[PDB]
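Text of the file final.txt, holding compact mmCIF, N, CA, C and O atoms:
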```txt
# COMPACT_ATOMS: atom_id res chain seq x y z
N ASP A 1 -63.45 50.85 -29.62
CA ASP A 1 -62.06 50.40 -29.32
C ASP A 1 -61.81 48.98 -29.82
O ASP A 1 -62.40 48.56 -30.82
N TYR A 2 -60.93 48.25 -29.14
CA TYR A 2 -60.61 46.87 -29.52
C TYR A 2 -61.84 45.99 -29.59
O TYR A 2 -62.07 45.29 -30.58
N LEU A 3 -62.62 46.02 -28.52
CA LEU A 3 -63.84 45.24 -28.41
C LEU A 3 -64.66 45.26 -29.70
O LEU A 3 -65.14 44.22 -30.15
N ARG A 4 -64.79 46.44 -30.29
CA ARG A 4 -65.57 46.60 -31.51
C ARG A 4 -65.01 45.89 -32.75
O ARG A 4 -65.79 45.34 -33.53
N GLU A 5 -63.70 45.90 -32.93
CA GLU A 5 -63.11 45.22 -34.09
C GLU A 5 -62.88 43.75 -33.73
O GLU A 5 -62.65 42.91 -34.60
N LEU A 6 -62.93 43.44 -32.43
CA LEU A 6 -62.77 42.07 -31.96
C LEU A 6 -64.12 41.40 -32.18
O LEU A 6 -64.21 40.20 -32.45
N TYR A 7 -65.17 42.20 -32.05
CA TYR A 7 -66.54 41.76 -32.23
C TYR A 7 -66.77 41.43 -33.69
O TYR A 7 -67.33 40.38 -34.02
N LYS A 8 -66.33 42.32 -34.58
CA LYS A 8 -66.49 42.13 -36.02
C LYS A 8 -65.69 40.92 -36.49
O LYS A 8 -66.13 40.16 -37.36
N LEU A 9 -64.51 40.75 -35.91
CA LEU A 9 -63.67 39.64 -36.28
C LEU A 9 -64.45 38.35 -36.03
O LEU A 9 -64.47 37.46 -36.88
N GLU A 10 -65.11 38.28 -34.88
CA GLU A 10 -65.90 37.12 -34.51
C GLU A 10 -67.02 36.87 -35.52
O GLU A 10 -67.39 35.72 -35.79
N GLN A 11 -67.56 37.95 -36.08
CA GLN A 11 -68.63 37.86 -37.06
C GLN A 11 -68.14 37.31 -38.39
O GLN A 11 -68.83 36.53 -39.04
N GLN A 12 -66.95 37.73 -38.81
CA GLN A 12 -66.43 37.22 -40.06
C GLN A 12 -66.06 35.75 -39.91
O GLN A 12 -66.29 34.95 -40.81
N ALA A 13 -65.49 35.41 -38.75
CA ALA A 13 -65.10 34.04 -38.46
C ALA A 13 -66.30 33.12 -38.58
O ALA A 13 -66.19 32.03 -39.13
N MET A 14 -67.45 33.53 -38.06
CA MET A 14 -68.65 32.71 -38.15
C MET A 14 -69.15 32.61 -39.58
O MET A 14 -69.63 31.55 -40.01
N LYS A 15 -69.06 33.71 -40.32
CA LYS A 15 -69.50 33.75 -41.71
C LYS A 15 -68.68 32.74 -42.52
O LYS A 15 -69.24 31.88 -43.21
N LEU A 16 -67.35 32.84 -42.42
CA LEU A 16 -66.45 31.96 -43.14
C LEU A 16 -66.35 30.56 -42.56
O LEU A 16 -65.88 29.65 -43.23
N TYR A 17 -66.77 30.40 -41.31
CA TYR A 17 -66.76 29.07 -40.70
C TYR A 17 -68.05 28.39 -41.15
O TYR A 17 -68.13 27.16 -41.20
N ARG A 18 -69.05 29.20 -41.48
CA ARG A 18 -70.32 28.67 -41.96
C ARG A 18 -70.19 28.20 -43.41
O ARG A 18 -70.58 27.08 -43.73
N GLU A 19 -69.65 29.06 -44.27
CA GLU A 19 -69.47 28.71 -45.69
C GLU A 19 -68.53 27.51 -45.80
O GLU A 19 -68.63 26.70 -46.72
N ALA A 20 -67.62 27.39 -44.83
CA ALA A 20 -66.64 26.31 -44.81
C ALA A 20 -67.21 25.00 -44.27
O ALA A 20 -66.81 23.93 -44.72
N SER A 21 -68.11 25.09 -43.31
CA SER A 21 -68.73 23.89 -42.73
C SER A 21 -69.70 23.26 -43.71
O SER A 21 -69.77 22.04 -43.82
N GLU A 22 -70.45 24.11 -44.40
CA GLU A 22 -71.41 23.64 -45.40
C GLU A 22 -70.65 22.70 -46.32
O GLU A 22 -71.00 21.53 -46.46
N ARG A 23 -69.57 23.22 -46.90
CA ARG A 23 -68.75 22.46 -47.82
C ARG A 23 -67.86 21.39 -47.18
O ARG A 23 -68.27 20.23 -47.09
N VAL A 24 -66.66 21.75 -46.72
CA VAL A 24 -65.74 20.79 -46.11
C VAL A 24 -66.45 19.66 -45.37
O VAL A 24 -66.23 18.49 -45.64
N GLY A 25 -67.31 20.03 -44.42
CA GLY A 25 -68.05 19.02 -43.69
C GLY A 25 -67.29 18.30 -42.59
O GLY A 25 -67.51 17.11 -42.35
N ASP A 26 -66.38 19.01 -41.92
CA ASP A 26 -65.62 18.42 -40.83
C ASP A 26 -66.39 18.84 -39.57
O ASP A 26 -66.47 20.02 -39.27
N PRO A 27 -66.98 17.88 -38.85
CA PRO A 27 -67.75 18.18 -37.63
C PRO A 27 -67.05 19.11 -36.65
O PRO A 27 -67.71 19.88 -35.97
N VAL A 28 -65.72 19.04 -36.59
CA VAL A 28 -64.96 19.90 -35.68
C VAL A 28 -65.13 21.37 -36.11
O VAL A 28 -65.01 22.29 -35.30
N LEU A 29 -65.43 21.57 -37.40
CA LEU A 29 -65.65 22.90 -37.95
C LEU A 29 -66.92 23.46 -37.31
O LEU A 29 -67.02 24.67 -37.05
N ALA A 30 -67.88 22.59 -37.04
CA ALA A 30 -69.11 23.01 -36.40
C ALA A 30 -68.83 23.26 -34.92
O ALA A 30 -69.47 24.09 -34.29
N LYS A 31 -67.87 22.52 -34.38
CA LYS A 31 -67.49 22.68 -32.98
C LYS A 31 -66.83 24.04 -32.77
O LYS A 31 -67.11 24.73 -31.79
N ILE A 32 -65.96 24.42 -33.69
CA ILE A 32 -65.28 25.71 -33.59
C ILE A 32 -66.31 26.83 -33.68
O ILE A 32 -66.12 27.91 -33.11
N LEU A 33 -67.40 26.57 -34.40
CA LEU A 33 -68.45 27.55 -34.59
C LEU A 33 -69.32 27.76 -33.35
O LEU A 33 -69.75 28.87 -33.08
N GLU A 34 -69.58 26.70 -32.59
CA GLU A 34 -70.40 26.86 -31.39
C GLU A 34 -69.60 27.75 -30.42
O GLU A 34 -70.17 28.47 -29.60
N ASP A 35 -68.28 27.70 -30.53
CA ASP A 35 -67.39 28.49 -29.69
C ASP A 35 -67.44 29.97 -30.03
O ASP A 35 -67.74 30.80 -29.17
N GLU A 36 -67.12 30.29 -31.28
CA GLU A 36 -67.13 31.68 -31.75
C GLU A 36 -68.41 32.36 -31.27
O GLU A 36 -68.41 33.55 -30.93
N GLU A 37 -69.49 31.58 -31.22
CA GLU A 37 -70.80 32.06 -30.76
C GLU A 37 -70.72 32.52 -29.30
O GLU A 37 -71.16 33.62 -28.97
N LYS A 38 -70.14 31.69 -28.44
CA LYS A 38 -70.00 32.04 -27.03
C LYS A 38 -69.02 33.18 -26.81
O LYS A 38 -69.15 33.94 -25.85
N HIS A 39 -68.02 33.28 -27.69
CA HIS A 39 -67.03 34.35 -27.61
C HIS A 39 -67.76 35.69 -27.79
O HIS A 39 -67.44 36.68 -27.13
N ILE A 40 -68.74 35.69 -28.70
CA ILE A 40 -69.56 36.86 -28.98
C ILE A 40 -70.30 37.27 -27.70
O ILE A 40 -70.32 38.44 -27.33
N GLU A 41 -70.91 36.29 -27.04
CA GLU A 41 -71.65 36.55 -25.81
C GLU A 41 -70.73 37.09 -24.73
O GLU A 41 -71.04 38.09 -24.09
N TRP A 42 -69.61 36.43 -24.51
CA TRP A 42 -68.69 36.91 -23.50
C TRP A 42 -68.17 38.29 -23.87
O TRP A 42 -68.00 39.14 -23.01
N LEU A 43 -67.94 38.52 -25.16
CA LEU A 43 -67.48 39.83 -25.60
C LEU A 43 -68.54 40.85 -25.18
O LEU A 43 -68.23 41.97 -24.80
N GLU A 44 -69.80 40.42 -25.22
CA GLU A 44 -70.95 41.25 -24.89
C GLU A 44 -71.05 41.66 -23.42
O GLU A 44 -72.09 42.16 -22.99
N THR A 45 -70.00 41.46 -22.64
CA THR A 45 -70.04 41.80 -21.22
C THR A 45 -68.89 42.70 -20.80
O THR A 45 -68.49 42.71 -19.63
N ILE A 46 -68.35 43.45 -21.74
CA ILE A 46 -67.24 44.34 -21.44
C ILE A 46 -67.69 45.80 -21.60
O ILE A 46 -68.78 46.02 -22.16
N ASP B 1 -57.41 27.20 -49.84
CA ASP B 1 -58.90 27.34 -49.80
C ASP B 1 -59.36 28.05 -48.53
O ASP B 1 -58.64 28.89 -47.99
N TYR B 2 -60.56 27.71 -48.06
CA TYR B 2 -61.12 28.32 -46.85
C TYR B 2 -60.20 28.16 -45.65
O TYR B 2 -59.89 29.12 -44.95
N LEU B 3 -59.78 26.92 -45.42
CA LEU B 3 -58.90 26.57 -44.31
C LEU B 3 -57.77 27.59 -44.14
O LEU B 3 -57.47 28.02 -43.03
N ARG B 4 -57.16 27.99 -45.26
CA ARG B 4 -56.05 28.94 -45.23
C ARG B 4 -56.40 30.34 -44.75
O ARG B 4 -55.61 30.95 -44.02
N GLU B 5 -57.55 30.87 -45.14
CA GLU B 5 -57.94 32.21 -44.70
C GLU B 5 -58.65 32.09 -43.35
O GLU B 5 -58.83 33.09 -42.64
N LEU B 6 -59.06 30.88 -42.99
CA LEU B 6 -59.70 30.62 -41.71
C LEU B 6 -58.58 30.55 -40.68
O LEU B 6 -58.74 30.92 -39.52
N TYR B 7 -57.44 30.05 -41.15
CA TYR B 7 -56.24 29.91 -40.34
C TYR B 7 -55.70 31.29 -40.00
O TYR B 7 -55.36 31.57 -38.85
N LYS B 8 -55.61 32.15 -41.01
CA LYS B 8 -55.10 33.51 -40.83
C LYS B 8 -56.02 34.31 -39.92
O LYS B 8 -55.57 35.11 -39.10
N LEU B 9 -57.31 34.09 -40.08
CA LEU B 9 -58.28 34.80 -39.27
C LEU B 9 -57.98 34.50 -37.81
O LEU B 9 -57.95 35.40 -36.97
N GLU B 10 -57.72 33.23 -37.51
CA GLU B 10 -57.41 32.80 -36.15
C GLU B 10 -56.16 33.49 -35.63
O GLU B 10 -56.05 33.78 -34.43
N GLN B 11 -55.21 33.76 -36.53
CA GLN B 11 -53.96 34.42 -36.16
C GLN B 11 -54.18 35.89 -35.83
O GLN B 11 -53.57 36.41 -34.90
N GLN B 12 -55.05 36.56 -36.58
CA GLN B 12 -55.30 37.95 -36.28
C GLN B 12 -56.07 38.07 -34.98
O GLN B 12 -55.82 38.96 -34.18
N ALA B 13 -57.02 37.15 -34.78
CA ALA B 13 -57.83 37.13 -33.57
C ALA B 13 -56.93 37.03 -32.34
O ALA B 13 -57.16 37.72 -31.35
N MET B 14 -55.91 36.18 -32.40
CA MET B 14 -55.01 36.05 -31.26
C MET B 14 -54.16 37.29 -31.07
O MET B 14 -53.88 37.70 -29.94
N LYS B 15 -53.74 37.90 -32.18
CA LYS B 15 -52.93 39.11 -32.13
C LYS B 15 -53.72 40.22 -31.43
O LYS B 15 -53.23 40.83 -30.47
N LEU B 16 -54.94 40.46 -31.91
CA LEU B 16 -55.80 41.50 -31.35
C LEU B 16 -56.43 41.12 -30.02
O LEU B 16 -56.91 41.99 -29.30
N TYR B 17 -56.44 39.83 -29.70
CA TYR B 17 -56.98 39.40 -28.41
C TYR B 17 -55.85 39.57 -27.41
O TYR B 17 -56.08 39.74 -26.21
N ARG B 18 -54.62 39.53 -27.90
CA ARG B 18 -53.45 39.70 -27.05
C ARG B 18 -53.27 41.18 -26.69
O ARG B 18 -53.13 41.52 -25.51
N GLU B 19 -53.30 42.06 -27.69
CA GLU B 19 -53.15 43.49 -27.46
C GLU B 19 -54.31 43.99 -26.58
O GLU B 19 -54.16 44.94 -25.81
N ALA B 20 -55.45 43.32 -26.70
CA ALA B 20 -56.65 43.68 -25.94
C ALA B 20 -56.63 43.16 -24.51
O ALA B 20 -57.15 43.82 -23.61
N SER B 21 -56.05 41.99 -24.30
CA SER B 21 -55.97 41.41 -22.96
C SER B 21 -54.96 42.16 -22.11
O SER B 21 -55.19 42.38 -20.92
N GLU B 22 -53.84 42.53 -22.72
CA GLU B 22 -52.80 43.28 -22.03
C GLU B 22 -53.49 44.47 -21.38
O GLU B 22 -53.44 44.64 -20.17
N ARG B 23 -54.17 45.25 -22.21
CA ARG B 23 -54.86 46.44 -21.75
C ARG B 23 -56.15 46.18 -20.96
O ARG B 23 -56.11 46.12 -19.73
N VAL B 24 -57.29 46.03 -21.64
CA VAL B 24 -58.57 45.79 -20.96
C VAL B 24 -58.43 45.02 -19.65
O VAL B 24 -58.87 45.48 -18.60
N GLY B 25 -57.82 43.84 -19.72
CA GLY B 25 -57.62 43.06 -18.52
C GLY B 25 -58.82 42.29 -18.01
O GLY B 25 -59.00 42.14 -16.80
N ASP B 26 -59.66 41.82 -18.93
CA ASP B 26 -60.83 41.04 -18.54
C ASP B 26 -60.37 39.59 -18.69
O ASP B 26 -60.07 39.14 -19.79
N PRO B 27 -60.29 38.84 -17.57
CA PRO B 27 -59.86 37.44 -17.60
C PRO B 27 -60.53 36.58 -18.66
O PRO B 27 -59.91 35.66 -19.18
N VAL B 28 -61.79 36.88 -18.97
CA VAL B 28 -62.52 36.12 -19.98
C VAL B 28 -61.85 36.32 -21.36
O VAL B 28 -61.95 35.47 -22.25
N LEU B 29 -61.16 37.45 -21.51
CA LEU B 29 -60.43 37.77 -22.73
C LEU B 29 -59.31 36.75 -22.89
O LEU B 29 -58.96 36.34 -24.00
N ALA B 30 -58.73 36.34 -21.77
CA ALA B 30 -57.67 35.34 -21.79
C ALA B 30 -58.29 33.98 -22.06
O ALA B 30 -57.66 33.11 -22.65
N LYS B 31 -59.53 33.80 -21.62
CA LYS B 31 -60.23 32.54 -21.82
C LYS B 31 -60.54 32.36 -23.31
O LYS B 31 -60.38 31.28 -23.86
N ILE B 32 -60.97 33.44 -23.96
CA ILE B 32 -61.28 33.37 -25.38
C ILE B 32 -60.01 33.06 -26.16
O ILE B 32 -60.06 32.44 -27.23
N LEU B 33 -58.87 33.49 -25.62
CA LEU B 33 -57.59 33.27 -26.27
C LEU B 33 -57.09 31.84 -26.17
O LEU B 33 -56.47 31.34 -27.10
N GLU B 34 -57.35 31.16 -25.06
CA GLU B 34 -56.90 29.77 -24.94
C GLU B 34 -57.68 28.95 -25.98
O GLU B 34 -57.20 27.93 -26.49
N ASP B 35 -58.88 29.42 -26.32
CA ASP B 35 -59.72 28.76 -27.30
C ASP B 35 -59.19 28.91 -28.72
O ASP B 35 -58.93 27.91 -29.40
N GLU B 36 -59.03 30.16 -29.16
CA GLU B 36 -58.52 30.44 -30.50
C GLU B 36 -57.30 29.56 -30.76
O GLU B 36 -57.07 29.11 -31.89
N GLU B 37 -56.52 29.31 -29.71
CA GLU B 37 -55.33 28.48 -29.78
C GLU B 37 -55.70 27.05 -30.20
O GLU B 37 -55.09 26.48 -31.11
N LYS B 38 -56.70 26.47 -29.54
CA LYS B 38 -57.14 25.12 -29.86
C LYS B 38 -57.81 25.04 -31.23
O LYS B 38 -57.76 24.00 -31.89
N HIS B 39 -58.44 26.14 -31.64
CA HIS B 39 -59.09 26.20 -32.95
C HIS B 39 -58.01 26.03 -34.02
O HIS B 39 -58.23 25.37 -35.04
N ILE B 40 -56.85 26.64 -33.78
CA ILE B 40 -55.70 26.55 -34.67
C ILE B 40 -55.28 25.09 -34.81
O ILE B 40 -55.06 24.60 -35.90
N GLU B 41 -55.16 24.40 -33.67
CA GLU B 41 -54.77 23.00 -33.67
C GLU B 41 -55.79 22.15 -34.41
O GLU B 41 -55.42 21.34 -35.26
N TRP B 42 -57.06 22.31 -34.09
CA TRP B 42 -58.06 21.53 -34.78
C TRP B 42 -58.07 21.87 -36.27
O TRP B 42 -58.25 20.99 -37.10
N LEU B 43 -57.85 23.14 -36.60
CA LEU B 43 -57.79 23.53 -38.00
C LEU B 43 -56.67 22.73 -38.65
O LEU B 43 -56.77 22.33 -39.80
N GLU B 44 -55.61 22.49 -37.88
CA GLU B 44 -54.43 21.77 -38.34
C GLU B 44 -54.65 20.29 -38.65
O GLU B 44 -53.69 19.54 -38.82
N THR B 45 -55.90 19.85 -38.73
CA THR B 45 -56.17 18.44 -39.00
C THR B 45 -57.12 18.24 -40.17
O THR B 45 -57.81 17.23 -40.26
N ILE B 46 -57.14 19.20 -41.08
CA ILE B 46 -58.01 19.10 -42.24
C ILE B 46 -57.17 18.98 -43.51
O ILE B 46 -55.94 19.19 -43.43
```
Would you mind writing the structure in this file as structure tokens?
Amino acid sequence: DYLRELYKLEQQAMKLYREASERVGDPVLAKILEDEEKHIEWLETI
Amino acid sequence: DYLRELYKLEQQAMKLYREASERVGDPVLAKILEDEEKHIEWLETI
């Protein structure tokens, strides 16, 4: 259901937030990434 | 660049987190949504 494509969305966000952090180099980009990580965990409880 | 498709990703996440919160009804789903919102704002400073 939703959870499953919401889960994948979180995975792409981390992938593209990773390729973006490497380059851009805005520390807040790394901050947004620590979050997406926790979103995955919380998603993991439904 | 990345920022632009990272921005759109955040928009879809909120759209699908909204349709998912309405239904599922897991309060943490609303918590993940208040976040995606701030990610948009922080994204807005690059």
Item to check | Selection: 7 Å around residue 16 of chain A, only N, CA, C and O atoms, excl. self and same-chain fewer than 4 positions, as a ChimeraX atom specification | outcome: /A:11-12,20-21 /B:2,6
Would you mind exporting N, CA, C and O atoms of the selected residues as a PDB file, in the frame of the given file?
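Okay, this is what ended up in part-v2.pdb:
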```pdb
ATOM      1  N   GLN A  11     -67.560  37.950 -36.080  1.00  0.00           N
ATOM      2  CA  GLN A  11     -68.630  37.860 -37.060  1.00  0.00           C
ATOM      3  C   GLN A  11     -68.140  37.310 -38.390  1.00  0.00           C
ATOM      4  O   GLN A  11     -68.830  36.530 -39.040  1.00  0.00           O
ATOM      5  N   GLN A  12     -66.950  37.730 -38.810  1.00  0.00           N
ATOM      6  CA  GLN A  12     -66.430  37.220 -40.060  1.00  0.00           C
ATOM      7  C   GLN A  12     -66.060  35.750 -39.910  1.00  0.00           C
ATOM      8  O   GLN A  12     -66.290  34.950 -40.810  1.00  0.00           O
ATOM      9  N   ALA A  20     -67.620  27.390 -44.830  1.00  0.00           N
ATOM     10  CA  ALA A  20     -66.640  26.310 -44.810  1.00  0.00           C
ATOM     11  C   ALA A  20     -67.210  25.000 -44.270  1.00  0.00           C
ATOM     12  O   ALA A  20     -66.810  23.930 -44.720  1.00  0.00           O
ATOM     13  N   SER A  21     -68.110  25.090 -43.310  1.00  0.00           N
ATOM     14  CA  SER A  21     -68.730  23.890 -42.730  1.00  0.00           C
ATOM     15  C   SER A  21     -69.700  23.260 -43.710  1.00  0.00           C
ATOM     16  O   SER A  21     -69.770  22.040 -43.820  1.00  0.00           O
TER      17      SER A  21
ATOM     18  N   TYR B   2     -60.560  27.710 -48.060  1.00  0.00           N
ATOM     19  CA  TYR B   2     -61.120  28.320 -46.850  1.00  0.00           C
ATOM     20  C   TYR B   2     -60.200  28.160 -45.650  1.00  0.00           C
ATOM     21  O   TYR B   2     -59.890  29.120 -44.950  1.00  0.00           O
ATOM     22  N   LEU B   6     -59.060  30.880 -42.990  1.00  0.00           N
ATOM     23  CA  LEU B   6     -59.700  30.620 -41.710  1.00  0.00           C
ATOM     24  C   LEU B   6     -58.580  30.550 -40.680  1.00  0.00           C
ATOM     25  O   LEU B   6     -58.740  30.920 -39.520  1.00  0.00           O
TER      26      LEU B   6
END
```
Produce the centre coordinates and the three edge lengths, each in Å to one decimal, of the box along x, y and z that contains all listed atoms of segment 10-23 of chain B with 5 Å added on each side, as JSON.
```
{"center_x": -55.3, "center_y": 39.6, "center_z": -28.6, "size_x": 15.0, "size_y": 23.6, "size_z": 27.8}
```
Next on the checklist: From (-62.8, 27.6, -39.4), in the file's coordinates, out to 8 Å: which residues are reached, counting only N, CA, C and O atoms? Answer as a ChimeraX atom specification.
Outcome noted: /A:13-14,16-18,20-21,28-30,32-33 /B:2-3,5-7,10,39,43
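The space between atom CA of residue 25 of chain A and atom N of residue 31 of chain B spans 27.9 Å.
For the pair atom O of residue 23 of chain A and atom CA of residue 46 of chain B, the separation is 11.4 Å.
Atom pair atom CA of residue 4 of chain A / atom CA of residue 38 of chain A has a distance of 15.9 Å (rounded to one decimal).
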